Amino acid sequence: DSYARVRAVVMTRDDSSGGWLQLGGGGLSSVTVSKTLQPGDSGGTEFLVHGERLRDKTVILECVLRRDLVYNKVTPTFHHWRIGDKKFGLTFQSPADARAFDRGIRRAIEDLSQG
C-alpha cells in the first residue's frame, strides 16, 4: 500500500535563520507515502509519510497527513510541508525521484475518502 517509495534525505527547518538542515545530519532514508495504519471504519481520511534512515534503522519522519496538505515544491529536488508549526521536508537524489514522490502525494490525496 505505498503510493511511492524513494530514498531521500529528511529535512528540518532552522527556526532562527529559516534555512533547512539535514535532520540528524542526514544519510539516506527510505521514505514512503502510504495509506494509514489506523483507518478506523472509514475508507481512509488520512495518509502517512514515513521515513526510516537506512544506516541506523531509525524512524526519523512520521507524518499523518490529510486532504488539507499544502505540498511545497521549491526546486526539482527539494520539497517541504508543515503540520501546524512543525516543518518537514525532503531532498531527493534526482528530479525523477521528486516527481515520483509528488505523484504519490497527489495519488494519496485523490484517494482520500469521507470520514
# chains A, B, ... in the order shown; residues from 1 in each chain; ligands from 1
call {"tool": "residues_around", "arguments": {"residues": "range 29-37 of chain A", "least_positions_apart": "5", "cutoff": "7 Å", "atoms": "only C-alpha atoms", "output": "list in words"}}
result
residues 1, 2, 3, 4, 5, 6, 7, 8, 9, 10, 46, 47, 48, 49, 50, 51, 52, 53, 54, 104 and 105 of chain A
call {"tool": "select_by_dssp", "arguments": {"residues": "range 33-101 of chain A", "states": "alpha helix (DSSP H)", "output": "VMD selection string"}}
result
chain A and resid 95 to 101
call {"tool": "residues_around", "arguments": {"residues": "range 18-24 of chain A", "least_positions_apart": "3", "cutoff": "9 Å", "atoms": "only C-alpha atoms", "output": "list in words"}}
result
residues 9, 10, 11, 12, 13, 14, 15, 27, 60, 89, 90 and 91 of chain A
call {"tool": "write_last_selection", "arguments": {"atoms": "N, CA and C atoms", "output": "PDB file, in the first residue's frame"}}
result
ATOM      1  N   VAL A   9      16.733  12.355   1.644  1.00  0.00           N
ATOM      2  CA  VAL A   9      17.237  12.901   2.880  1.00  0.00           C
ATOM      3  C   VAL A   9      16.156  13.727   3.547  1.00  0.00           C
ATOM      4  N   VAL A  10      15.835  13.362   4.770  1.00  0.00           N
ATOM      5  CA  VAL A  10      14.846  14.063   5.557  1.00  0.00           C
ATOM      6  C   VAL A  10      15.399  15.381   6.067  1.00  0.00           C
ATOM      7  N   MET A  11      14.580  16.423   5.923  1.00  0.00           N
ATOM      8  CA  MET A  11      14.970  17.794   6.230  1.00  0.00           C
ATOM      9  C   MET A  11      14.151  18.345   7.394  1.00  0.00           C
ATOM     10  N   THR A  12      14.751  19.292   8.082  1.00  0.00           N
ATOM     11  CA  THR A  12      14.132  20.026   9.183  1.00  0.00           C
ATOM     12  C   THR A  12      14.563  21.478   9.106  1.00  0.00           C
ATOM     13  N   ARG A  13      13.742  22.382   9.628  1.00  0.00           N
ATOM     14  CA  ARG A  13      13.960  23.816   9.387  1.00  0.00           C
ATOM     15  C   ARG A  13      14.557  24.455  10.614  1.00  0.00           C
ATOM     16  N   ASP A  14      15.606  25.252  10.413  1.00  0.00           N
ATOM     17  CA  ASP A  14      16.221  26.015  11.497  1.00  0.00           C
ATOM     18  C   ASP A  14      15.358  27.237  11.746  1.00  0.00           C
ATOM     19  N   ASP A  15      14.801  27.392  12.947  1.00  0.00           N
ATOM     20  CA  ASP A  15      13.787  28.431  13.141  1.00  0.00           C
ATOM     21  C   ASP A  15      14.350  29.863  13.142  1.00  0.00           C
ATOM     22  N   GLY A  27      22.201  11.381   5.788  1.00  0.00           N
ATOM     23  CA  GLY A  27      22.146   9.968   5.424  1.00  0.00           C
ATOM     24  C   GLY A  27      20.806   9.693   4.766  1.00  0.00           C
ATOM     25  N   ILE A  60      12.770   8.516  11.487  1.00  0.00           N
ATOM     26  CA  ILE A  60      13.012   9.924  11.761  1.00  0.00           C
ATOM     27  C   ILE A  60      11.978  10.867  11.159  1.00  0.00           C
ATOM     28  N   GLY A  89      10.728  18.310   5.457  1.00  0.00           N
ATOM     29  CA  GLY A  89      11.000  18.314   4.046  1.00  0.00           C
ATOM     30  C   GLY A  89      11.844  17.155   3.585  1.00  0.00           C
ATOM     31  N   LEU A  90      12.111  17.132   2.290  1.00  0.00           N
ATOM     32  CA  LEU A  90      12.899  16.086   1.644  1.00  0.00           C
ATOM     33  C   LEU A  90      13.824  16.692   0.600  1.00  0.00           C
ATOM     34  N   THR A  91      15.073  16.225   0.598  1.00  0.00           N
ATOM     35  CA  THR A  91      15.984  16.398  -0.533  1.00  0.00           C
ATOM     36  C   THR A  91      16.086  15.071  -1.269  1.00  0.00           C
TER      37      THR A  91
END
call {"tool": "select_by_dssp", "arguments": {"residues": "chain A", "states": "strand (DSSP E)", "output": "ChimeraX atom specification"}}
result
/A:2-13,20-22,29-35,47-53,58-65,72-75,78-83,86-92
call {"tool": "write_last_selection", "arguments": {"atoms": "N, CA and C atoms", "output": "compact mmCIF listing (two decimals), in the first residue's frame"}}
result
# COMPACT_ATOMS: atom_id res chain seq x y z
N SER A 2 1.99 1.28 -0.65
CA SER A 2 2.80 2.50 -0.88
C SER A 2 2.41 3.14 -2.23
N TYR A 3 2.14 4.44 -2.23
CA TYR A 3 1.89 5.18 -3.47
C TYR A 3 3.20 5.59 -4.13
N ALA A 4 4.25 5.70 -3.32
CA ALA A 4 5.61 5.99 -3.79
C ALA A 4 6.59 5.67 -2.69
N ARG A 5 7.76 5.19 -3.08
CA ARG A 5 8.85 4.93 -2.12
C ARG A 5 10.11 5.35 -2.82
N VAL A 6 10.89 6.18 -2.14
CA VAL A 6 12.19 6.61 -2.66
C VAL A 6 13.19 6.59 -1.54
N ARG A 7 14.46 6.74 -1.87
CA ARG A 7 15.47 7.02 -0.85
C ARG A 7 15.84 8.50 -0.96
N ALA A 8 15.64 9.24 0.12
CA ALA A 8 15.83 10.69 0.15
C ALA A 8 16.35 11.10 1.53
N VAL A 9 16.73 12.35 1.64
CA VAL A 9 17.24 12.90 2.88
C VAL A 9 16.16 13.73 3.55
N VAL A 10 15.83 13.36 4.77
CA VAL A 10 14.85 14.06 5.56
C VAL A 10 15.40 15.38 6.07
N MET A 11 14.58 16.42 5.92
CA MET A 11 14.97 17.79 6.23
C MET A 11 14.15 18.35 7.39
N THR A 12 14.75 19.29 8.08
CA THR A 12 14.13 20.03 9.18
C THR A 12 14.56 21.48 9.11
N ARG A 13 13.74 22.38 9.63
CA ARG A 13 13.96 23.82 9.39
C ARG A 13 14.56 24.45 10.61
N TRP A 20 17.15 25.37 5.92
CA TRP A 20 16.88 23.96 6.18
C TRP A 20 18.17 23.20 6.42
N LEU A 21 18.05 22.17 7.26
CA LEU A 21 19.15 21.29 7.63
C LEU A 21 18.76 19.84 7.35
N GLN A 22 19.76 18.98 7.23
CA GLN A 22 19.51 17.55 7.09
C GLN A 22 19.25 17.03 8.51
N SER A 29 17.25 8.01 3.85
CA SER A 29 16.13 7.29 4.46
C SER A 29 15.26 6.68 3.37
N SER A 30 14.65 5.55 3.69
CA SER A 30 13.57 5.01 2.85
C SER A 30 12.30 5.77 3.24
N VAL A 31 11.76 6.53 2.29
CA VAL A 31 10.62 7.41 2.55
C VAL A 31 9.46 6.98 1.66
N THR A 32 8.33 6.68 2.30
CA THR A 32 7.12 6.22 1.62
C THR A 32 5.96 7.14 1.86
N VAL A 33 5.08 7.20 0.87
CA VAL A 33 3.78 7.83 1.04
C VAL A 33 2.82 6.68 0.94
N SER A 34 2.04 6.43 1.99
CA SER A 34 1.24 5.23 2.06
C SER A 34 -0.10 5.51 2.71
N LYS A 35 -1.03 4.58 2.56
CA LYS A 35 -2.24 4.59 3.42
C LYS A 35 -1.94 4.49 4.90
N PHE A 47 -3.48 9.87 5.43
CA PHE A 47 -2.40 9.08 4.87
C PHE A 47 -1.11 9.33 5.65
N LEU A 48 -0.07 8.61 5.29
CA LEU A 48 1.17 8.60 6.04
C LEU A 48 2.37 8.90 5.16
N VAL A 49 3.23 9.80 5.62
CA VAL A 49 4.59 9.94 5.10
C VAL A 49 5.55 9.43 6.19
N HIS A 50 6.36 8.45 5.83
CA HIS A 50 7.16 7.68 6.78
C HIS A 50 8.56 7.58 6.24
N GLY A 51 9.54 7.95 7.05
CA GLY A 51 10.94 7.88 6.65
C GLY A 51 11.80 7.17 7.65
N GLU A 52 12.47 6.10 7.23
CA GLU A 52 13.34 5.32 8.12
C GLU A 52 14.76 5.42 7.58
N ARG A 53 15.65 6.00 8.37
CA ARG A 53 17.03 6.18 7.95
C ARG A 53 17.72 4.81 7.90
N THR A 58 16.46 3.84 11.88
CA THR A 58 15.75 4.73 12.77
C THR A 58 14.67 5.50 12.03
N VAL A 59 13.45 5.41 12.54
CA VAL A 59 12.35 6.20 12.00
C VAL A 59 12.52 7.63 12.45
N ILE A 60 12.77 8.52 11.49
CA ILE A 60 13.01 9.92 11.76
C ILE A 60 11.98 10.87 11.16
N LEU A 61 11.06 10.29 10.40
CA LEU A 61 9.96 11.04 9.78
C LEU A 61 8.69 10.21 9.86
N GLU A 62 7.67 10.76 10.51
CA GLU A 62 6.38 10.12 10.62
C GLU A 62 5.34 11.22 10.63
N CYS A 63 4.60 11.37 9.54
CA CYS A 63 3.61 12.44 9.41
C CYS A 63 2.28 11.87 9.00
N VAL A 64 1.25 12.16 9.80
CA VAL A 64 -0.14 11.85 9.48
C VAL A 64 -0.69 13.06 8.78
N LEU A 65 -1.07 12.88 7.53
CA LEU A 65 -1.48 13.98 6.68
C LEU A 65 -2.87 13.73 6.14
N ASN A 72 4.83 21.88 -0.74
CA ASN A 72 5.60 22.95 -1.36
C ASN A 72 6.75 22.38 -2.15
N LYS A 73 6.85 22.77 -3.41
CA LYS A 73 7.91 22.31 -4.31
C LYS A 73 8.79 23.52 -4.65
N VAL A 74 10.01 23.53 -4.10
CA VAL A 74 10.88 24.69 -4.19
C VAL A 74 11.90 24.56 -5.33
N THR A 75 12.54 23.40 -5.40
CA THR A 75 13.43 23.08 -6.50
C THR A 75 13.09 21.68 -7.01
N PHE A 78 13.85 19.48 -3.97
CA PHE A 78 13.59 19.90 -2.60
C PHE A 78 12.13 20.29 -2.45
N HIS A 79 11.42 19.54 -1.61
CA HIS A 79 10.01 19.79 -1.32
C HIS A 79 9.83 19.83 0.21
N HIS A 80 8.78 20.49 0.70
CA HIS A 80 8.58 20.59 2.14
C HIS A 80 7.10 20.86 2.46
N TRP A 81 6.75 20.64 3.71
CA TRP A 81 5.38 20.80 4.17
C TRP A 81 5.39 21.09 5.68
N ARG A 82 4.20 21.27 6.25
CA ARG A 82 4.07 21.51 7.68
C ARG A 82 2.94 20.68 8.28
N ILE A 83 3.00 20.50 9.60
CA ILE A 83 1.82 20.14 10.41
C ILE A 83 1.80 21.19 11.53
N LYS A 86 5.13 22.73 12.91
CA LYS A 86 6.21 21.78 12.69
C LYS A 86 6.48 21.67 11.20
N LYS A 87 7.76 21.73 10.83
CA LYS A 87 8.13 21.80 9.42
C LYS A 87 8.96 20.58 9.05
N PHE A 88 8.70 20.05 7.86
CA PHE A 88 9.32 18.79 7.38
C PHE A 88 9.67 18.95 5.91
N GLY A 89 10.73 18.31 5.46
CA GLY A 89 11.00 18.31 4.05
C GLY A 89 11.84 17.15 3.59
N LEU A 90 12.11 17.13 2.29
CA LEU A 90 12.90 16.09 1.64
C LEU A 90 13.82 16.69 0.60
N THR A 91 15.07 16.23 0.60
CA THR A 91 15.98 16.40 -0.53
C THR A 91 16.09 15.07 -1.27
N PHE A 92 15.72 15.10 -2.54
CA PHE A 92 15.72 13.91 -3.36
C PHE A 92 17.05 13.77 -4.08
